[PDB]
Chemist: 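Below: one structure in structure tokens.
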Protein chains: 6
Amino acid sequence: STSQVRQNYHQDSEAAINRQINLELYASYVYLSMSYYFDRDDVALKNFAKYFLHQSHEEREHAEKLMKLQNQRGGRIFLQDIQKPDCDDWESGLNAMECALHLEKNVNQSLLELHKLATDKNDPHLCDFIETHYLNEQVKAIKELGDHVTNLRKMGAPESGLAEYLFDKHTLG
Amino acid sequence: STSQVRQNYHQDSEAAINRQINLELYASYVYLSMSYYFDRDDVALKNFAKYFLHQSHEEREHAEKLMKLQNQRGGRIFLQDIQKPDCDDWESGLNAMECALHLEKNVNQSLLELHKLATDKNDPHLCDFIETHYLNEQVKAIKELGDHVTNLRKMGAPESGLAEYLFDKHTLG
Amino acid sequence: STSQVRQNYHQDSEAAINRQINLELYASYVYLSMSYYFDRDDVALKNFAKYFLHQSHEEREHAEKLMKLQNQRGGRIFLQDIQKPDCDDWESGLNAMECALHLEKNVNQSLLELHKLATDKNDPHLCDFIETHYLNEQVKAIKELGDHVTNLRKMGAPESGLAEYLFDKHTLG
Amino acid sequence: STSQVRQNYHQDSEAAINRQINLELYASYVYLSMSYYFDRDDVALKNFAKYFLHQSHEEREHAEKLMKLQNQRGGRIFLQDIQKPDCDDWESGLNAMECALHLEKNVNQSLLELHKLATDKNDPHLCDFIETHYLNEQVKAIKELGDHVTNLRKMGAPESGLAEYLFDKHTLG
Amino acid sequence: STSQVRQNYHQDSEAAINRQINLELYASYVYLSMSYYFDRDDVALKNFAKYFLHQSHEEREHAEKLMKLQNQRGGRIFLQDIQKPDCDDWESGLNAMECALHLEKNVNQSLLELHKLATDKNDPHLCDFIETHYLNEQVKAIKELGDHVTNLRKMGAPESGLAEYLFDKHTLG
Amino acid sequence: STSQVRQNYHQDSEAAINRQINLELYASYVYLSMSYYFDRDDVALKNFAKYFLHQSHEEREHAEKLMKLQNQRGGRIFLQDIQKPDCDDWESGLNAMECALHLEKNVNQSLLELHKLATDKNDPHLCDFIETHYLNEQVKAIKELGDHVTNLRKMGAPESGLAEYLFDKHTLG
Ligand code: NA
Ligand code: NA
Ligand code: NA
Ligand code: NA
Ligand code: NA
Ligand code: NA
Ligand code: NA
Ligand code: NA
Ligand code: NA
């Protein structure tokens, strides 16, 4: 049953990739939830909605790239349920950005664990894949979200609806 | 707590839309699974893979349009877990097409039930939405899949790997 | 006699690069042999011929990049005889693809050993060079060849000359 | 006081980045000094001047990229004095190229130490940053300078003013 | 040892130009520090960052033009250490603009002293150089910074983070 | 076992073509070695490197054309080991050009022997092939190399590094 392509690809690595696929799909779902919260008539921040929808689609692309990797290496994809997000109502633009920052840091932590595994199993291809495609993307995402949180807080969010309105227009627009 | 926009939108309809969102997301996931099956080194049918990936992305778009509808009408989106697909290994191009046909008919049945609900609740906007955006799309999908199944069977699939190869090239390519 | 440019470049690494140069040149020669087998009047599969000739030229480019590296680091190139390929007659399209897959996996194994050496000698430049220019290229090559082998086998090669003919036209053309 | 973005970023790494910033700024200053030496009326080698000025600007860009990294990771930039270069009068084109080669090797050594630190602290993002943006750039620079030194020496510099003149025109022009 | 080009160029003028070179390089460094303060995740004012980075690069250009002058006149460049800026943390957009205004006025004062020296040494070329390339540039810079400080203060900075946010967007963007 | 295409193609001719293939591949390897000698940091003559690399690629093309001929005529290609070049270090531009001239004359001698064989076996197609594709190419190559050797010697190579430098720039550049 060993794939004809498989070489230097540990079972533990294969399993970790399947976990990471699920995590990326979960993140995609979280961002989708956030997006549509901002589309509510009682929230009505269109550029927040757009921002999170973009992030949702990006996370899905990340998942798909891991699926591609799994097959490239001769591993086998095993999908799991995609858990629903932790919240239905994301409260405010600031709260959503803070939740996104937390999520991104969680995803980054997983990726760092995956890199450590790859290095421990002497799988340089896998380690390089993670470095090249995932780790700087995460650092950039985290920095961007932190910047957003800073600005929102400085402007007076979430108490000031004017703050979120103007941030939506000037930063996210 | 009633939305300022809400008018003529029954709680039962709102609940049915939330169920349909989940079903579309599930369908998207099924098609994603199928796609990546065909990308395996031991399957290696790239145009089958492409076909199913396209379908996956289309189902996600369908889900998002329902989410948009929910907010347009002043309903509230409640997401649920996305169940994993029924299979990890889809066996053959023919078997996957047959499974897709079954799925599409299941989705269509739900949509017909949703239309009946809308009509029973005297919600012409919702009924029209389903007719306009979903019902002909489903009929077309079902007809296309049936055509594919017919052709594959006539060509000798799944016993003939030459059949699937040539169908991949000439129909799906 | 130490080069003015040399820094952090171990003698063992230098020797391993010279071995890898020879291996790449050998691979180039193998693919050249395969190419011209398919150009025989009694074989006559032009797209197989083209495929392997392309691979031959690619392997030569890989060798030359290693030669460039050797000089960049202040090592010294020592060339060795290029051994003739193991076969004169490659039997069939399927057999050649299987032999190519075996070759590519052998080249990949060497590269993985080179990476391990670089990591053991704390030579991050060399390790990065191998990761960046060689390891994903090999994974991709291996996956492609595996896909080709799968398809040929499914279509009925090598017993079916129709299979190889059609694969030549539709996949390799 | 821990930055909201900070993750997997050791204090030792942060300190090493601040040192590297200073070193790059120092290198920039050295090259600036060299440039303007060649602009003297009693030296008058315009393409040497241009070469070194370009290098000065490149080193500044390198410093700025490290500053960007520091902030991306949630470290804090601490600037130090930029020491004056070791010479005011660089003697000859050959002598300046030799001094540049020595400088570049010193910068490379620091970078290799930084990479080793990153690897020791299990900071793959930082290690990858150094590999991707700094290590091949340094190898290339070192090789180029070595080539220049070789050519100048072979041509008869610094005893032959004709050598430097012609090198300025044909190599650096 | 007198340069073949030197004419009407006093030793005191030569020394004053070397001091001005250092001051311009210092100013460049100050602005660089400011720039990267605004790039911090906990500050996050991108257009402030851009503004100061531009100023940094401009001051470097000013230094280089003085170096060119020194050589044009047959003086000799003597570089000194570039002192680190007075602050690591610039507190606020308003505080940085105020510090910039103070710096620019200090640079202007030096330039006025240089002009007076040139006039006292009957060096019309040098006096004209300073007038043509430096004095109106400084007046313009000072006026611009004063305008910025005025606006920030009127808008409610630094107490209002909304003020700095909006100034960043509308004035500096 | 006689090829269906074979006509008027003597076994001795077939064997001679296989020998010529090996010789062309050998020549290609020699030129590759020379190329990379000139790329060394302690040699650093980029246009010599380029010249020889071009020649390497040309010889490979010559080999491939003979392989094509062999199959066109219904002969069978039998590859042999490619011997390593006689030198690792080619000493100087002049020495390499002299070695190239010697090589080209050796290749020409073989080709003349092949032509004589073809004429003796009354194989006008083969004789014409050699005349049309190989003999004038060799005469031109030999004349060019002789011209290069003459110029290098007249300029003072190899004692004058200025000679090789200038030849590299003006003739080979
Ligand atoms: Na992701
Ligand atoms: Na890497
Ligand atoms: Na659907
Ligand atoms: Na209708
Ligand atoms: Na290769
Ligand atoms: Na640098
Ligand atoms: Na200035
Ligand atoms: Na030839
Ligand atoms: Na003729």
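We count ligands from 1, going down the list as the structure has it; atoms in each ligand are counted the same way. Below, all heavy atoms of this structure are taken into account, side chains as well, without hydrogens, waters or symmetry copies. In what follows, every chain begins at residue 1, and chains take the letters A, B, ... in the order their sequences are listed.
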Chemist: Of all N/O/S atoms in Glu24(E), which lies nearest to the Na ion (ligand 7)?
Modeler: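 For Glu24(E), the N/O/S atom sitting closest to the Na ion (ligand 7) is OE1.
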Chemist: Which N/O/S atom belongs to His62(E) and is the closest one to the Na ion (ligand 7)?
Modeler: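 That would be atom ND1.
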Chemist: For a quick check under 3.5 Å, do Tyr9(E) and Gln72(E) share a side-chain donor-acceptor pair by atom type?
Modeler: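 Absent: no donor and acceptor within the cut-off.
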Chemist: Please give the atom name: the N, O or S atom of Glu131(B) nearest to the Na ion (ligand 4).
Modeler: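 Considering only N, O and S atoms, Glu131(B) comes nearest to the Na ion (ligand 4) through OE1.
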Chemist: Please name the atom of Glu59(E), restricted to N, O or S, that is closest to the Na ion (ligand 7).
Modeler: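 Looking only at N, O and S atoms of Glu59(E), the one nearest the Na ion (ligand 7) is named OE1.
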Chemist: Residues in salt bridge (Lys or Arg N to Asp or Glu O under 4.0 Å) with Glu137(B), at least two apart?
Modeler: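 So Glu137(B) forms a salt bridge (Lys or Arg N to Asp or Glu O under 4.0 Å) with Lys140(B).
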Chemist: The Na ion (ligand 7) to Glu104(E): any N/O/S contact under 3.0 Å?
Modeler: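 Here the distance criterion (N, O or S atom, under 3.0 Å) is not met by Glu104(E), so no.
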Chemist: Are the ring centres of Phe52(E) and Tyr37(E) closer than 6.0 Å?
Modeler: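 Between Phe52(E) and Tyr37(E), the centre distance exceeds or equals 6.0 Å.
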Chemist: In chain order, what residues pass the salt bridge (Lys or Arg N to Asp or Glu O under 4.0 Å) check against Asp81(D), with sequence neighbours excluded?
Modeler: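 Here no residue qualifies.
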Chemist: Out of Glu104(E), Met97(E), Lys105(E), which residue meets the side chain to side chain contact (heavy atoms under 4.5 Å, CB included) rule with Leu101(E)?
Modeler: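 Only one of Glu104(E), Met97(E), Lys105(E) forms a side chain to side chain contact (heavy atoms under 4.5 Å, CB included) with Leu101(E), namely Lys105(E).
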